[PDB]
């Protein structure tokens, strides 16, 4: 399979290199007969010879148009005649782009900023990551001695750990006697030993976490100071900065970019990411511990444990994310190095750029800086969000559209080239915004989106007709890769950097979305006796007041068949589930419970460790009283009862501890919060106290700011102190339950004494 492509220069001529892994053997093809080009729209053909006189200079040499060729293409559906101007070297184009455009005979230029090797992949129709090949993956990471204030790469690299499917080792230059640790002479020998590992294993994919920004730039800096090269590429080249890092013969897969745009987390440390998707917590050791262990020697086995686990975790994450990103690269038609480092809008643009070439479509240019900001200062209406019905409801059903925006794009032919197109037999008119879309011919984007949807379901129907997961699991990643690409079309329409930018298109798609969801609302209540409780863009919750649970399900499934016969095109509603009961506090804040007693919340729960246990406990009691017992009054009695025990000092102090983490040297704090004030009293008493240390405190009764009444929770003693009951009532328990109970008419006044 094709892994990557780039170009080298020989006697001024560019030579394409195609990096392939081919039946377990690395292979490089060379193409020297491919040349860069741009397109130029001229006011008149008589002046092409005048334009072919335009010259520029770079690195002393002159830059010339070496060939011209008149070609008839389509620009957003319209036929256009354009001149293809060839050049000798790809780096000639940026030196002569503007002078060709600034010429009086030239209206505009097109396709002038495509990377040369990717231009080759498109024009030749080559798809990376296509085939059977077993790619060899290897992960690596480093630890560094760091002292506060150092300016990156000042301290040396300690431990270079690596892990693959068979092994996990750590290379350090101090003696640590574990079977998986290899001790070498110096930091320079440690780097040299890692180069031998790369040369020995010869991996196809180099897996890192945050290696673009830390691991490999740290290597490049340290190896420079130590006077040693890093021939990590399969052609013997150093890693190249593009900020991201390339390794020529291989695929530098940095997991940070994929994970950051796939899963939403509070922080993206390696430990937080690991158990967010595997469930196993990972122990973290901070820079202050790593330093001290290397200074003395105390606990270096613990750091070798942390270094080895860092590599094994990086390999395990890289292994589970690689098959998806591989199928995504295959679908978009660009190398995984680029696919794993681009937003969804850029993934769509590469896909259409390839499709535009296949369809002889001229591609629009990227916006200038000023048009880019004007697009950013644009806005349009979004999805229909309803202030929900208050109170507790029984027998809720969930109904939502299936691919609402993709189905609207296809059904109404929403595309930049069909927008307000004159002389058509038909148009679909968008509600409110009133944009017209011609229906006489398939739009460029709706055509591609249609084939993606239908190809996805052919894959679904070929997954059931299977028994291996040698493709069933491979088809699953492929169909979900199509779902990612197809569900990115709408966002691309409003992507300010997009070439096929069309805000009128995205504005129309969301306008239809509000029309159809409100149409479902009307038929639900005026023809089927339902009561819709909550609406969010493409879905809603509804119930039949007083009806039995089974009768609500039966009429909900019948409404689905009824409303889908009346919906046009691919627009399809579906039944998504039943809930025993639930309530809605406001927009995007509600709580439900399903038929297995499983409580589901949204925008309500307090999960941070900044909350005392008595806060999380009381909120959990309230939700279960309302959802499991259907008793709003019991939930009010719970809060009221908790506030009584709080003021009578009957709540045990462990449920009152607030854990906070010191993330910094104490003297650099200006926000002197309670945990910082406690940490400073510990430091003054001789305790060491360093970033990463968690405190855990309790607020005592006293005068002004709670930053002064904080006591180290381990030092609390009821015979000696008393906690600020008013703090934990007004700042912990009540803020955890107030707006939940406010949704039922109660108030802060009703939850005290």
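Residue numbers count along the first chain shown, from 1.
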Between residue 242 and residue 243, how many residues of the deposited sequence have no coordinates in this entry: none, 1 to 3, 4 to 9, or 10 or more? 4 to 9
Out of 33-41 and 681-689, which stretch has the higher average CA B-factor listed in the record? 681-689
Which of the two stretches, 365-373 or 151-159, shows the higher mean Cα temperature factor in the record? 151-159
When the CA B-factors of 525, 515, 134, 624 are compared as recorded in the entry, which is the largest? 134
Residue set 491, 388, 673, 335, per-entry CA B-factor max assigned to 673
Could you look up the Cα B-factor of residue 415 in the entry and say which third of the chain it sits in: lowest, middle or highest? lowest
Once the chain's modelled residues are ordered by C-alpha B factor and cut into thirds, is residue 28 in the lowest, middle or highest one? middle
So, residue 227's CA B-factor, relative to its chain, sits in which third? The middle
When the deposited Cα B-factors of this chain's modelled residues are ordered and cut into thirds, is residue 503 in the lowest, the middle or the highest one? lowest
Lowest, middle or highest third of the chain for the C-alpha temperature factor of residue 212? middle
